[PDB]
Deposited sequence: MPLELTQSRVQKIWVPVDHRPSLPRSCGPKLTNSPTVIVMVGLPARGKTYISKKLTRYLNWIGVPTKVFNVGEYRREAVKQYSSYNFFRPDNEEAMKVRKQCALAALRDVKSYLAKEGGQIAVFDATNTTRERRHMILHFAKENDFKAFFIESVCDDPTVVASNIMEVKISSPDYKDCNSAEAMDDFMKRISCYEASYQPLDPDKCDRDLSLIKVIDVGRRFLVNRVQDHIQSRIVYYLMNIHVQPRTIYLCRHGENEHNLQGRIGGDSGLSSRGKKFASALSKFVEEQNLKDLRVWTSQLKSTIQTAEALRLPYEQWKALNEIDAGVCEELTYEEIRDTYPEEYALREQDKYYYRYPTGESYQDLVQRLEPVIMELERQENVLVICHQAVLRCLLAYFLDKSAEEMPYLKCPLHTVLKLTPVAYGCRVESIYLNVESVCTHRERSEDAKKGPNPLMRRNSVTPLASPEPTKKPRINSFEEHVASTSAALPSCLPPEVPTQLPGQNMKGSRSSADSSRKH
């Protein structure tokens, strides 16, 4: 009934005329995601990628890699002997590392505001999983299991060459021995490995078993929305090689005037960029390539120069500046001094009046991200704010830095999937344009001064 609108987010909240002595209380039970599987099955890759996605959509998530706890407690790896099932002392150390990680998991989910903790380890025995389940039960945490099953030697071999031999554990080995050492290591777990059995022993566990690198999936009893989103995400990512290209529309008339928003067309330079973009695409020599644009004129004119079929996404339209659309920043500062200052203090959360925030952008872009994960070669022609959000997802940048990422005109960001993330290459197409980047930029309210 009597609400007030927050200045930054523009969210209507009930006015709480706190009493003489206001109370607070404070701070959807958190979830422990349990990775399961033999080594070199992509557990860490999945852990890191899923975590990159959850944080980007706004769900605070953290990976707890037992591997790093062991590397911290033992200093330098020598051989697979450390992992022999008959290595009583190492078995003890490994367990102690697991418990210390769970300790931090508990502190993360119950005291630091975390919502999803990804417990990244082999967890190959019912006994170990049972212990984690116990830990979850006693702390009131939900538990979801992700098991990667892969019995294709070609895949395991490739995985070892791609991330294991260059691992710090093998800093003193050459390819041949690292590979040999890792294979023996894997064999150590093979005898006691008890895969998840949703149809019998694990009927009541919430889980997804990822088979043959995402070829087949076995999903058992999803509990809530977050698990539902996780399952959807995991079933649409793949590891086939491809390349993702991101760039803004060629320079437009509004850019020349320093005006934000609008739907202006390409300037003479923007058009030169479009031709150059076509030449660049041509030279990349891609078998197939999907091209996506927003529904705003500038990105579409740019794609037209490619002479390739392209798809318009309303979700790729630049951030909506509300009542500030069509204005120069100078006019915003002069006409809306308060809004200008508010956005400068909280650029990620700030929402333009009757417009959007970077936070809204991210929600709007989720479907684009999901489809980008499913695709192969794709070129996305968009706008500044939109590109910053997309790049923040691929490069795992925080919400605080997202709105300040540098994404210049006439420049193509070439993203190639490698190891546990994305390698980024910048390629400026040598066509002049203005610069639209803007970096981040009390007394009388205390006595004497």
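- Several segments of the deposited sequence have no coordinates for C-alpha: 1-2, 30-32, 447-453, 462-520, numbered from the first residue.
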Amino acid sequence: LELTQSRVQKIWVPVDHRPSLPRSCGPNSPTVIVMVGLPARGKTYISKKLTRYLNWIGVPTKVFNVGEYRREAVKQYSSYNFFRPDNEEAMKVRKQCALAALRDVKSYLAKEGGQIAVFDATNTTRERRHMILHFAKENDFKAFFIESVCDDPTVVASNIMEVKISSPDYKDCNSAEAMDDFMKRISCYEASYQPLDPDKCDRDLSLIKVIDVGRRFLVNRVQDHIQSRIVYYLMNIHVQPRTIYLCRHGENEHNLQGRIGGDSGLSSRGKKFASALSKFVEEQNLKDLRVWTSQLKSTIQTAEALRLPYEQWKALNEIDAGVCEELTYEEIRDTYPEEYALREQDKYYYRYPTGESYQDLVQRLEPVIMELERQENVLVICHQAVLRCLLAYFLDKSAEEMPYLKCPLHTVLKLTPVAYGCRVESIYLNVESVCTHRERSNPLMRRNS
From here on, numbers count along this sequence of modelled residues.
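- Notably, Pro22 is an intermittent gap: at least a third of the other compared entries of this protein, restricted to those modelling both its neighbours, have no coordinates for it.
- Here 211-219 and 296-304 are compared by their mean Cα B-factor, and 211-219 comes out higher.
- When the C-alpha B-factors of 247-255 and 193-201 are averaged, 193-201 comes out higher.
- Ranking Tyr310, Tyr232, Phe280, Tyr77 by Cα temperature factor from the entry places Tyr77 first.
- By the numbers in the PDB entry, the CA B factor is greatest at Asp140 among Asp320, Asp263, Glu373, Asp140.
- Looking at the C-alpha B-factors along this chain, the one for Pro60 belongs to the middle third.
- Sort the modelled residues of the chain by CA B factor and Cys422 lands in the highest third.
- Among all modelled residues in its chain, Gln115 ranks in the middle third by Cα B-factor.
- Ranked within its chain, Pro168 lands in the highest third, by CA B factor from the PDB record.
- Sort the chain's modelled residues by C-alpha temperature factor and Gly270 lands in the middle third, per the entry.
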